[PDB]
Structure formats: structure tokens, C-alpha cells
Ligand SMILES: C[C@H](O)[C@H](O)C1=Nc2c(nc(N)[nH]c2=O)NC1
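Let's start with one chain on its own, the form solved without the ligand, as C-alpha cells.
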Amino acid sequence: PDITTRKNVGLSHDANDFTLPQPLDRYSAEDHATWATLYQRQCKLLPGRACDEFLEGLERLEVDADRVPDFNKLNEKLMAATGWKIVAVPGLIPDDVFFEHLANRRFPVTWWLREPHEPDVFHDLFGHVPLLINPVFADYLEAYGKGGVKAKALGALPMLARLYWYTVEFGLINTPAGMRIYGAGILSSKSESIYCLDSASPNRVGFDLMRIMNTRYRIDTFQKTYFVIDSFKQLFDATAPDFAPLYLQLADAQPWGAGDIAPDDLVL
């Protein structure tokens, strides 16, 4: 039995949107201490690494440093800033429900936390949610959600997911102060936060819609390529055109491997 099944023994979910109210009972003191340790460790590590918008979202959303946050209390601030809410889910959900959530400004957050010794509540909430404070990033995510139906209609969801992976989960952003991180999967990771900026090993490549959507990724370890945007506005702009011809042109195409450099990459 996996972590999700194990964590969810005895609980339920809405039949339509796979949400539940956050099971606030069921958090044990060990959950709060684990949350606090993880939060603490990231907060000491992230200055001069996370983009400023991330660190600032933690503050403005008052993401508890010493316990798993109350989703509702967080939603009060999140709704007021950008019209988004978080919804508690049991873990991985059907993609149809996920896109529909994002299209509706609901951000699905796994309710449970890893054990001290899968996306969990730390990755989903610490990693993803602080950035929903940035209106352009907030709109990009909504646009992404809506983009689900066209990609589904075209059998191109894997191409859309690569885009999401390489921006929302593992995106880097170039600033006048140097490279910073906006990808949630990095930001909730001690070692990957270090690696993605410090190491000479991974490829660091200028964002390019078509290349990203034709690029495989790594699910069990650090990424081998990171894609770098100039701003949230550039990212929103570049992802505003009709994706339909892009999806069709890549239909019979062979994808770049997670570690490839493409002939026309802007490499760093």
C-alpha cells in the first residue's frame, strides 16, 4: 500500500471535484514539527535563491512557520489578493479535475505531509501557493488550467504537462541580481534549490515554448535541464498564442531527452 492510500485510510472526497475539507484532526504533533523543520530549513536556504515574489508571498499569505497552515485562513488572504483559493485533495487527482480546478482559480493541495524519516502538503502549499500572490503568475495558472481542454481534445496533454513541469514545477527566472527560482518542486527541496543554481552540471536554457513542449523530464531525481524566463510577463505572453498548430506539428516528433541541448537553445 502506497503513501496516498495509507494517509487517506478512513477519509472521503467530493465525487465531482475530488476535494475534501482539510482533515485538521489527523495532523499529529509530529506533522506540525515536520512542517516547522521543513519550513525553517527552506527559509534559511532560500534568500538569494528563490525569486523575491516567492519569499514575499509567504509573508503576505502568512504561511505558518510552526504548523501546517489552516487552508481556510490562508484562503481569506489568497482570495483577497488574487481571487485564488486552495482546495484540499487526497493526493494525485484525475487531470481533468486538476485543469478544471486551475481554470477556476482553485489550487489543489495534497492535505497530508511526508513522515520525518508524491507531492505532499509541503510541496503543494509551501512550494506552489506563495507565488499565486503575483497577479501575472496567477493569470498564467488560470490560462494553463483552461488550456487543458484543447490539449485533451488534441491528445496533447503530455505536451502541456511538460510546459507546466518546466515552468510551474522547475522554472528558473533571470533577474538583474542573477538567476532565481520560481519552480515549486525546487523551492520545496533543500538539495535541488542548491543544485539548480550552484552546480555546473545541469543545462540552463532560455525558455522556448515549442522546445519545452517537446522535452521529456525526470520524475525520480533532479532535472537535468532547467528553463529560464526573463519575467512572469514574458511567460504569460509567450503562452498566449494558439497552441493547436504547435501540438499538431510535434505530434509525430521525437522528444528531447531530459538532458539534451537543442541546436537552437540559448544556453547558460
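We call the rigid core whatever largest set of C-alpha positions still superposes within 1.5 Å between the two forms. Only residues modelled in both forms are compared. The first residue of the shown sequence is 1; numbering continues from there.
The discussion below concerns the form solved in complex with the ligand, not included here.
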item: Triplet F54, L61 and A138 all within 4.5 Å of the ligand in the entry with it bound via a heavy atom; value: no
item: Stretch in contact, per heavy atom within 4.5 angstroms of the ligand in the entry with it bound, of 160-168, 173-181, 75-83, 191-199; value: 160-168
item: Contact label in the entry with it bound: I133 to the ligand, heavy atom within 4.5 Å; value: no
item: Exercise: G91 in contact with the ligand in the entry with it bound, heavy atom 4.5 Å; value: yes
item: Distance check, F98 to the ligand in the entry with it bound, heavy atom within 4.5 Å; value: yes
item: 4.5 angstroms heavy atom contact with the ligand in the entry with it bound for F126; value: no
item: Contacts with the ligand in the entry with it bound, stretch 128-155 (heavy atom within 4.5 Å); value: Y144
item: Listed options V149, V136, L92, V97; Cα moving by 2 angstroms or more between this form and the one not shown (core superposition); value: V149
item: Consecutive stretches, 3 or more residues long, displaced between this form and the one not shown (C-alpha shift of at least 2 Å once the core is aligned); value: 149-155
